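Novice: Below is one structure. I have some questions about it.
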């Protein structure tokens, strides 16, 4: 199982966020999971350090492989109540995973 | 063990990179490891999605917690031989971990 994007729906109720987030009720946030390959994957986004750590891992194991994380994020708009109970329409950055990579 | 930076010295020999990297012999690359807290840490860099995934994790466990990764990287200069055996002095980006965070 290599580093790839996975489905994930968040219900603001489960996390108890529905007490301040008017709408939406929840959303598709997605998430990243998977093993960072070696030899390093081709069409897979990766930083120099991540490549180096992946190599060090093959020889020494006390050092963990690179981690599969969101490399591309988009936002969602939400209707919520702030500190003074003022309805607010705000765009929230970095909420939805659109791409994963090794870091 | 929370998300923090850890010592790590890379020897270009061990990874068999000394065949093309004239100098340096190796360097302090460091790495990141540690558990991404919950409630979410204060002075710890974190993205909205990482906070949301950490929360979903507390209720559902099939979903992994956020990952501890390099959030700040610096470069090191290296002397190496390219494809035509031409000595080259190049600055290499994203080689040294200067800060970790949850993503």
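Note that chain B is numbered according to Swiss-Prot, with residues 294-396 shown in order.
Header entry for method reads X-ray crystallography, 2.7 Å.
Positions of Cβ are set from backbone N, Cα and C atoms, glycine also.
I grabbed these lines from Swiss-Prot:
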DISULFID  B:296-B:361  disulfide bond
DISULFID  B:325-B:393  disulfide bond
DISULFID  B:329-B:395  disulfide bond
CARBOHYD  B:338  N-linked glycosylation site
Novice: What is the interatomic distance between the Cα atoms of residue B:296 (disulfide bond) and residue B:329 (disulfide bond), given in whole Å?
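Specialist: Residue B:329 (disulfide bond) has its Cα 6 Å from the Cα of residue B:296 (disulfide bond).
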Novice: Hey, how far is residue B:329 (disulfide bond) from residue B:393 (disulfide bond), Cα to Cα, in Å?
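Specialist: Rounded to the nearest whole number, the Cα-Cα distance is 11 Å.
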Novice: Could you measure between residue B:325 (disulfide bond) and residue B:395 (disulfide bond) for me? Cα positions, answer in whole angstrom.
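Specialist: Residue B:325 (disulfide bond) and residue B:395 (disulfide bond) have their Cα atoms 10 Å apart.
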Novice: What residues, ordered by sequence, lie under 8 A Cβ-to-Cβ from residue B:395 (disulfide bond) and sit at least six positions away in the same chain?
Specialist: B:296, B:329, B:334, B:337, B:338, B:339, B:340, B:343, B:347, B:359, B:360, B:361, B:362
Novice: Could you check what DSSP calls residue B:338 (N-linked glycosylation site) once collapsed to helix, strand or coil?
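Specialist: In the DSSP reduction, residue B:338 (N-linked glycosylation site) maps to coil.
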Novice: Where's the emptiest Cβ shell within 10 Å among the disulfide-bonded residues B:296, B:325, B:361?
Specialist: B:296
Novice: State the count of C-beta atoms found within 10 angstroms of the C-beta of residue B:338 (N-linked glycosylation site), not counting that atom itself.
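Specialist: The answer is 15 other Cβ atoms.
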Novice: Does residue B:393 (disulfide bond) have same-chain partners at least 6 apart in sequence with Cβ under 8 Å from its own Cβ, and which are they?
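Specialist: In sequence order, B:296, B:297, B:298, B:325, B:327, B:338, B:361, B:362, B:363, B:364, B:365 meet the Cβ cut-off.
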Novice: Applying a 10 Å Cβ distance cut-off over all chains shown, what neighbour count does residue B:329 (disulfide bond) have?
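Specialist: Other Cβ atoms within 10 Å of residue B:329 (disulfide bond): 24.
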Novice: When DSSP is mapped onto helix/strand/coil, what comes out for residue B:296 (disulfide bond)?
Specialist: coil
Novice: Specify the secondary structure state of residue B:329 (disulfide bond) as given by DSSP, simplified to three classes.
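Specialist: In the DSSP reduction, residue B:329 (disulfide bond) maps to coil.
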